[PDB]
Amino acid sequence: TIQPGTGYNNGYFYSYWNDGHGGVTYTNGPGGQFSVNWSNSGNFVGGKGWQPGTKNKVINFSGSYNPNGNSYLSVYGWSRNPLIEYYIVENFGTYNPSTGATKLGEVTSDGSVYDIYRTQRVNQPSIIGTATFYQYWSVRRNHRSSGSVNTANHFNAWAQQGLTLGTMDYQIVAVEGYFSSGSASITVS
């Protein structure tokens, strides 16, 4: 069980961040496993993966995801020059994270249609401090708690919609929570 921060555990990069509100217990397990149990948390995001990620990685994940309020399970990562924060949402509860974003199109990948969106984050935290950057989204219509994600399908779809990606920074499978409660246990590979 660790506090917010980044590092490596059992061959995988991990990142855990929260807004200072408590109620969150994030734990790194064997291999690419991590578990997060939260009770009336604030905003937080945590998970395991790679540093840096690639633009053709096939990511596998499996586990249990039981949110009770705003939350989502997704491939989460960044790129620099251009600075981009992206998500390939596999499951979520109560609130579709793409809400308010502009829809650019759709893509059919790994057994489901995903809705593609783009939105701008103004003066928000990021891997390089406070900044303004674009956020790309691929939201799976058929929610699931395990499977494989061919990241290339989404990056290529985004590129088709004119959404360029810079040099990859971290790339993980993360569980997010936003003023809610819930539990999750995920193994990444």
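Numbers here simply count residues along the sequence, with the first being 1. Side chains included, hydrogens not; waters and symmetry mates left out as well; all remaining heavy atoms used.
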Side chains of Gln171 and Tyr86: any donor to acceptor distance under 3.5 Å? yes
Which label fits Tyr87 and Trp137: parallel for a plane angle under 30°, tilted from 30 to 60°, or perpendicular past 60°? parallel
Are any side-chain N or O atoms of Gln51 and backbone N or O atoms of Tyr170, one a donor and one an acceptor, separated by less than 3.5 Å? yes
Do any N or O atoms from the side chain of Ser39 and from the backbone of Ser181 form a donor-acceptor pair under 3.5 angstrom? no
Examine distances only and state if a side-chain atom of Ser79 and a backbone atom of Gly166 form a donor-acceptor pair shorter than 3.5 Å. yes
Any side-chain heavy-atom pair of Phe34 and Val175 under 4.5 Å: yes
Which atom pair, heavy atoms only, marks the closest approach of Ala174 to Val45? CB-CG1, 3.9 Å
Below 6.0 angstrom between ring centroids: does that apply to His154 and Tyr136? no
Are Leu73 and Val173 close enough that some pair of their side-chain heavy atoms sits under 4.5 Å apart? yes
CG-CZ distance between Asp169 and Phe13, expressed to the nearest 0.5 angstrom: 7.0 Å
Can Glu90 and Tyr114 be counted as having a side-chain donor-acceptor contact under 3.5 angstrom? yes
Side-chain atoms of residues 182-189: list all donor-acceptor pairs with protein atoms under 3.5 Å, sequence neighbours left out, distances to 0.1 Å.
| residue | atom | partner | partner atom | Å |
| --- | --- | --- | --- | --- |
| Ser185 | OG | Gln33 | OE1 | 3.3 |
| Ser185 | OG | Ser35 | OG | 2.8 |

Is a side-chain N or O of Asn56 found less than 3.5 angstrom from the main chain of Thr151, in a donor-acceptor match? no
What's the separation between atom CG in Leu104 and atom OH in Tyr117, rounded to the nearest 0.5 Å? 10.5 Å
Does some side-chain heavy atom of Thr94 sit less than 4.5 Å from a side-chain heavy atom of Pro67? no
Taking ring-ring contact (aromatic ring centres under 6.0 Å, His included) as the criterion, tell me which of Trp38, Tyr26, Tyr76 meets it with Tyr16. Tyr26
Is there side-chain contact between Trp50 and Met168, with heavy atoms separated by less than 4.5 Å? no
What about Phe44 and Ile2, same hydrophobic cluster or not, with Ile/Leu/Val/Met/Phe/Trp/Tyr joined at side-chain heavy-atom distances under 4.5 Å? yes
Is it the case that more than 12 heavy atoms not belonging to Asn81 sit under 6.0 Å from its CG atom? no
Just by distance, no angles: are the side chains of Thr27 and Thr1 close enough, under 3.5 Å, to form a donor-acceptor pair? yes
Kindly determine whether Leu165 and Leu163 satisfy side chain to side chain contact (heavy atoms under 4.5 Å, CB included), including the steps that lead there. CA-CA 7 Å; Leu165 269 177; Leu163 301 186; over 6 Å; no
Donor-acceptor check, side chain of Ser180 to backbone of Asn70, threshold 3.5 angstrom: yes or no? yes
Going by heavy atoms in the side chains, are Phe61 and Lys48 under 4.5 Å from each other? no
For the residue pair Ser126 and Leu83, establish whether any side-chain heavy-atom pair is separated by less than 4.5 Å. yes
Over 12 foreign heavy atoms within 6.0 Å of CD, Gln160: no
State, with a plain yes or no, whether a side-chain heavy atom of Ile88 is found less than 4.5 Å away from one of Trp158. yes
Distance-only check: which donor-acceptor pairs under 3.5 Å involve side-chain atoms of residues 106-113, not counting sequence neighbours?
| residue | atom | partner | partner atom | Å |
| --- | --- | --- | --- | --- |
| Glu106 | OE1 | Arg141 | NH2 | 3.2 |
| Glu106 | OE2 | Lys103 | NZ | 2.7 |
| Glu106 | OE2 | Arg141 | NH2 | 2.8 |
| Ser109 | OG | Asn153 | ND2 | 2.7 |
| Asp110 | OD2 | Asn150 | N | 3.0 |
| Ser112 | OG | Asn142 | N | 3.2 |
| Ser112 | OG | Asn142 | ND2 | 3.2 |

Measure from the side-chain N and O atoms of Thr54 to the backbone N and O of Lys57, and report whether any donor-acceptor pair falls under 3.5 Å. yes
